[PDB]
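Listed next as structure tokens is one chain, alone, in the form deposited in one PDB entry.
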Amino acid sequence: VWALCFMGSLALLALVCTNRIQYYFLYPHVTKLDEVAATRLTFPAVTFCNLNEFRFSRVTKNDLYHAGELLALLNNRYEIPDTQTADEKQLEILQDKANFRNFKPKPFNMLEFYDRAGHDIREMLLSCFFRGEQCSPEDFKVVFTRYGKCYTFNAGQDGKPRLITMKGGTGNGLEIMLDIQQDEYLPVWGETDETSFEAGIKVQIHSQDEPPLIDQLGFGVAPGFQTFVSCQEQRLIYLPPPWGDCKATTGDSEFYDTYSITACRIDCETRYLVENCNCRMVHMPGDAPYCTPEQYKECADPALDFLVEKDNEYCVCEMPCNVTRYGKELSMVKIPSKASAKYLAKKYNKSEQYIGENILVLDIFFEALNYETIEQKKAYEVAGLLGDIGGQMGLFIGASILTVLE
């Protein structure tokens, strides 16, 4: 008599049991977030670039011939544009070296042009301090970006015993004072991908083993300010194939020997430009010929402009399994003060005007809670499934012992 709903007690097992086994096959994960004060923490690499690509005093006669149009300094008939914009003192200088009567074109490449005309760390870096220790231009590695000759502090390449951070605050990080040298900025007479309307620098904080994409990803620092950048290192760990679609951390993709989102982007930005312009830009890796100024203006610029703005399809990247993110909070105070302008003016052999317009202090450091791990953890292991459907079996063929008793 009392056994009709005992096979109905089998119906309860089925419904409850069949969902815990479906839940496993969804392969669900939870998140383990730990914000903590670390010790012996590795300091990131800091890349920076002047927003002006070429120093006006270094642009030679041959430099202007090959690259003039690309820099919007010459029209098509190799002369100064009909318009343009002043300048009483500069137009004298430029038209003198725009005189091509007497001139025969000499060999030219953009990498050497960037390298020589590009702004120099040795005259930009007025002051460097990391953790009490004073750094020099030696502590900065030259790296080429779409901006030109750029510089990486703490690149930590070749034997260099990487710099560590212990606690929070400005003192436990990097401080640099810079002269952006506005009096060396190329006159802007038109708009091209090489000229800008802005004075200042671009900065990007990244892992030593991930290349910069400062054109796209970087932050700006304005001249005539001290800028505080309070940071936090975020370690993001993901789960392999069955739970999430991450690509393996330890390589292995193309021109760089560490897989990251940025490396993957530059990888096929190189492929794309080679497969379309027969040409690579200055900042791209590989061994293809460097783009000639004519190829930059006709092919290489629009090609990369297409990839970084229009493309929805060609250069897309998978998620790596390890990602380092840098949370940052920015802040400014004015430099110089009325009470200090004259000091710095004298100290660096400069006008008081100049100091207010060119001088810049950068502070990169971490806050107290400097380290964050965001790791995806498995929610239902195989053993926990068996221990749940097992203890589910012995509940309707094991806890029936107390219902038939009553």
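In this text, rigid core is short for the largest set of C-alphas that superpose within 1.5 Å between two forms. In case it trips you up, residue 1 is the first one in the sequence shown, and so on.
This protein has a second form, the form deposited with a small molecule bound, left out of what is shown; the following refers to that one.
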Notebook entry, point to check: Non-hydrogen atoms within 4.5 angstroms of the small molecule in the entry with it bound: do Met110, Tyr114 and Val188 all have one?
Noted result: yes
Next item on the list: Please name which of the stretches 94 to 102, 277 to 285, 168 to 176, 120 to 128 has residues with heavy atoms lying within 4.5 Å of the small molecule in the entry with it bound.
Entry: 277 to 285
Note to self: Just checking whether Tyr296 would be counted as a contact of the small molecule in the entry with it bound - the rule being heavy atoms within 4.5 angstroms.
What the structure shows: yes
Notebook entry, point to check: Might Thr195 be said to contact the small molecule in the entry with it bound, defining contact as any heavy atom within 4.5 Å?
Noted result: yes
Item checked: Exercise: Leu71 in contact with the small molecule in the entry with it bound, heavy atom 4.5 Å -> yes
Checklist line | Contact flag, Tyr290 vs the small molecule in the entry with it bound, heavy atom cut 4.5 Å | finding: yes
Margin query: To test your reading of the superposition: with the rigid core aligned, which of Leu304, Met284, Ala117, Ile176 moves its Cα by 2 angstroms or more between the shown form and the other one?
Written below: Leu304
Check: Hey, does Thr195 budge by 2 Å or more at the Cα between the shown form and the other one once the core is superposed?
Finding: yes
Check: On a core-based superposition, does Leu163 travel 2 Å or more at its Cα between the shown form and the other one?
Finding: no
Checklist line | Displaced residue check between the shown form and the other one: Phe108, CA, 2 Å or over, core reference | finding: no
